Amino acid sequence: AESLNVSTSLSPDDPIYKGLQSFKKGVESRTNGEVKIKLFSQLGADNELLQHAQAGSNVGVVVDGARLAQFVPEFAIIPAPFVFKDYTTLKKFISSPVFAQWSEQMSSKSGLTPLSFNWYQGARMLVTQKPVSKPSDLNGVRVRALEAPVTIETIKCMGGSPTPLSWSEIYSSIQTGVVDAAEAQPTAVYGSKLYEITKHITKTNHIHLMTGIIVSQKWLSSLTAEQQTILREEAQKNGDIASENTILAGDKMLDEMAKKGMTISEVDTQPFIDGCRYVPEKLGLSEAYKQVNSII
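Under the deposited numbering, the residues of the sequence shown are numbered 27 to 67, 70 to 324, in order.
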């Protein structure tokens, strides 16, 4: 018998979690139970789990490019601002040979491998008290940030002032005037109940959130060829399902907030794009950015 333990951080009602459930169902069905998938809320922080996975653990985690940059630094471009014009363009890049090269490098040099990297978690948008049609509308606006260079530079390049604080504290920070605004994907805006205390969502879609199920190469290679391909086939197939469900949920959450008094607006992104073109270079990610652009 064999098994994979997936450490998760999402609510069981999230599309990504239900996708992991579909993934479990697929794998266990096709192997008649010889490979079992366990989903945990318990196992440890992502960074310590990844070290264990390097050593051969049968533990997995759903993580993004920023977390994998420590193994292959190119990965850090995926969450950078205004790299991908839309979701399908993002998919085109993830499926390309350049990305395949980065994954091969992680597998062969760092002993970690994505079963797939198409678990989409949304597009980040602006949540504000006032309308935003152009970057100068954010001058003087304090936007919640995070102690990471990409996030900080994203807020700056878009025109706001980055104000780091824990996401678990975003509602009280807005309510008490520590910060004016936030920057996040719809399920998080909705999940934190921000529609209670803000008035505008602007669809800048400035960052795309792409993740995958990352596992030990040593563990995966210890399984049979048939078990390996089932795992990889099912991860990709179910990542696509979860992705569509994320988008579906996102749209409906936005609709629900508009019906709770919020205004949701599209925006001409071109000025934001031009204002953020320096970011990859400032962050030292030019090589990665140039390889992405060779594709898209």
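We treat Cβ as the ideally placed atom computed from N, Cα and C, and that holds for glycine.
In the three-state reduction of the DSSP assignment, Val155 falls in the strand class, which pools E and B. Straight across, the Cα-Cα distance linking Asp92 with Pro107 is about 8 angstroms.
Taking the Cα positions, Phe112 is about 8 angstroms away from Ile235. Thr230 sits buried, since 16 or more C-beta atoms from the chains shown fall within 10 Å of its C-beta. By the neighbour-count criterion, in which a residue is buried when 16 or more other Cβ atoms sit within 10 angstroms of its Cβ, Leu276 is exposed. Here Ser220 carries a coil assignment [DSSP, helix/strand/coil]. Look at the segment 173-208 and you find these whole runs of beta strand (DSSP E), each 3 residues long or longer: 189-192. In terms of Cα proximity to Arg56, the closest of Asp302, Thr257, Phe300 and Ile324 is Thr257.
Taking the Cα positions, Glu262 is about 12 angstroms away from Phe145. The segment 217-304 contains, as complete beta strand (DSSP E) runs of 3+ residues, the segments 228-230, 236-244 and 291-293 (chain order). Rounded to the nearest whole angstrom, the C-alpha separation of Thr226 and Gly139 is 45 angstroms. Residue state for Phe103 is assigned as helix, using DSSP reduced to three classes. Bounds of any alpha helix (DSSP H) do not take in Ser33; it lies within the beta strand (DSSP E) bounded by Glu28 to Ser33.
Within the same chain, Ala270, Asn273, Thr274 and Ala277 come within 7 angstroms of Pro41 by CB-CB distance, once the 5 residues on both sides are set aside.
Counting only the Cα atoms, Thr252 lies some 41 angstroms from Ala212. Note on geometry: alpha-carbon atoms of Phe49 and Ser249 lie some 19 angstroms from one another. Counting along the chain, the unbroken beta strand (DSSP E) around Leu65 starts and ends at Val61 to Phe66. In the three-state reduction of the DSSP assignment, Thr116 falls in the helix class, which pools H, G and I. In the three-state scheme derived from DSSP, where H, G and I count as helix and E and B as strand, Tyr306 is classed as coil. Here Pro190 is not near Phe300, since their CB atoms are 8 angstroms or more apart. Residue state for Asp92 is assigned as strand, using DSSP reduced to three classes. Per DSSP, reduced to three states, the secondary structure at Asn146 is strand.
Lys246 sits away from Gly45, with the two beta carbons spaced by 8 angstroms or more. Within the same chain, Cβ atoms closer than 6 angstroms to the Cβ of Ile198 are found at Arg172, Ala210 and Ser220, the five residues on either side in sequence being excluded.
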